[PDB]
Amino acid sequence: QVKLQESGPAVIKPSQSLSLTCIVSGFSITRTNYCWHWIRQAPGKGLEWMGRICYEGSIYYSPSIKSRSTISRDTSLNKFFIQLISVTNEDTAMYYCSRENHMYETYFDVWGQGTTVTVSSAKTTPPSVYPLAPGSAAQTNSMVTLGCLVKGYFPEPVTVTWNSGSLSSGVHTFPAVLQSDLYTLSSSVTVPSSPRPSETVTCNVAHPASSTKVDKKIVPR
Amino acid sequence: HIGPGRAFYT
Amino acid sequence: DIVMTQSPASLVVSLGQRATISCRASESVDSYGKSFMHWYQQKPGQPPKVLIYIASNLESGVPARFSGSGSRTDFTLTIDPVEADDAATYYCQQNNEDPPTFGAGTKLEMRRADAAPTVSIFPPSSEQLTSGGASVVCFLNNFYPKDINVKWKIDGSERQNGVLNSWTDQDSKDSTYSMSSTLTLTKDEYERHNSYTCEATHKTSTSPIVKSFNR
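Calculation notes
Residues numbered from 1 in each chain as written, not as in the entry; some residues may be left out. Chains lettered and ligands numbered in written order. Heavy atoms only, no water. Residues with missing side-chain atoms left out of burial classes, pairs and counts. Pairing = 2+ DSSP bridges. Helix = DSSP H or I, 4+ residues; strand = E, 2+ residues; numbered from the N terminus. Axes fitted to C-alpha atoms, helices over the stretch in contact; angles between N-to-C directions. Contact = heavy atoms within 4.5 Å. Buried area = accessible area lost by both parts, 1.4 Å probe. Salt bridge = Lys/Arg side-chain N within 4 Å of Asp/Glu carboxyl O. Polar contact = N/O pair within 3.5 Å; in protein donor to acceptor, adjacent residues only side chain to side chain. Nonpolar A, V, L, I, M, F, W, Y, C, P; charged D, E, K, R; others polar.

Here's the deal with the sheet that holds strand 16 (residues 149-154) of chain C
Strand pairing in a sheet relies on backbone hydrogen bonds. The paired strands run either parallel or antiparallel.
Residue and element names in this part refer to chain C.
Step number 1: Spatially, 16-19-20 is the arrangement adopted by the three strands of the open sheet, whose pairing is antiparallel. A strand with exactly one partner marks an edge of an open sheet, and here the two such strands are strand 16 and strand 20 (205-214). Adjacent strand axes in the sheet meet at a mean angle of 20°, parallel and antiparallel pairs treated alike.
Step number 2: For strand 19 (residues 195-202) and strand 20, the ladder comprises seven bridges, and the chain directions are antiparallel. Bridging from a neighbouring strand, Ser 195 pairs with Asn 214 of strand 20.

Spelled out as structure tokens, the structure:
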């Protein structure tokens, strides 16, 4: 039924304006009762409320961003936005938009996936995917473990899947760690000794902020 | 003023 | 504004056991005879989802082992019995008066049987060297507790630095954890050796699980 999706810039220079858009879908921002909210979650910290725009246009702002933001909306296109002027690192976070039945329930019942925004001057560099295949040792247990190394990209996030969704089990994707404005992340799949090298094991990384998308097949060393 | 429906109370 | 304070700030509850998270408000979050405060849950990389609303009501889909109660200024979320799937952060919110405020969250990590890290290692992927570079990688998968430490080693010489560690969040289906480390050498440095190794030292066993490879 309803679906909310946050659209916005993956990276933004300090002291510049950030403006996100929430595209409500399969439901409209004018139906009575509901209010639409903006909520952000600074990385590694709690959820933080920002402001809301209710069906009849009424607006409310978190005091902390009140003097530096404006919440508008577009009835025609059925979507609402927010702008934060003069962003700073404190503004790096995950932003979500959601819905409240303001009239009866008062709790946020539908949330979008929430895009990520990183305030910085770093160059948005793509990633290189190197494939990790076992060091020549076969007859190794009855479950083999391979993985992909995604190195040197910016900004977060990157999305890696195996055999494009198919290999769901035994997959681990490790948080991107930082090496002076350049992330590195890894992922691994544990698949039984037969399905490799007999069958195809491929990892697909995708890095939106630079339209890079690359699958790599793990070939025996 | 508080509770639900508070924003559009007017 | 009403400040919501949660307690504990984090806890390790064992499977089957019960966990009692609590949320307190500086001022009554009551009106129209109900308490307008809800409880959310947030698994990692996932927007929160409502668990309980208006203090005691359960959202559909949420299992019966969840139950909150409380009024005015004292609220409690109870999870009995905890299950592998409850490893996540929980928030409480008041929406009785403006601005709506959230609590800082309570990270629940739950306890399971201790498990040994299945380790694996990977030599540089051809491509990288071509690109004048070489990262060695060691995987320690599926363990509990989260504490474990790994030594690198090159031709015996314990490698102090150039190493990157990353831990996953507790697994929702089995409660384990996993980590990866990355030795990052230059092709050449990599060229001046023959054996590389990662020493997994962890509580499950006394002899550090070692994994090594000839260059």
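Description of the interface of chain C and chain A
Step number 1: Taken together, the 40 residues of chain C in the interface contact 41 residues of chain A.
Step number 2: When chain C packs against chain A, the two sides together hide about 3,400 Å² of surface, and 64% of this comes from carbon and sulfur.
Step number 3: Contact with chain A buries area across many residues of chain C, yet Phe 102, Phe 122 and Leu 164 of chain C alone supply 16% of it, more than any other trio.
Step number 4: Applying the counting criterion to the chain C and chain A interface returns one salt bridge.
Step number 5: Between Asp 98 of chain C and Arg 52 of chain A there is a salt bridge, with the nearest N and O atoms lying 2.9 Å from each other.
Step number 6: Seen at the junction of chain C and chain A, the total is 12 residue pairs in polar contact.

As for the interface of chain B and chain C
Step number 1: Contact residues are listed per partner, giving four residues for chain B and eight residues for chain C.
Step number 2: When chain B packs against chain C, close to 500 Å² is buried across both sides, 52% of that on carbon and sulfur atoms.
Step number 3: Broken down residue by residue, the surface that chain B buries against chain C is led by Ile 2, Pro 4 and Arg 6 of chain B, which jointly contribute 87%.
Step number 4: For the pair chain B and chain C, the number of links is one salt bridge.
Step number 5: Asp 98 of chain C is paired through a salt bridge with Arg 6 of chain B; the nearest N and O atoms lie 2.5 Å apart.
Step number 6: Taken together, the residues of the side of chain B that touches chain C sort by class into two nonpolar, one polar and one charged.

Keep in mind these values describe shape, not function.
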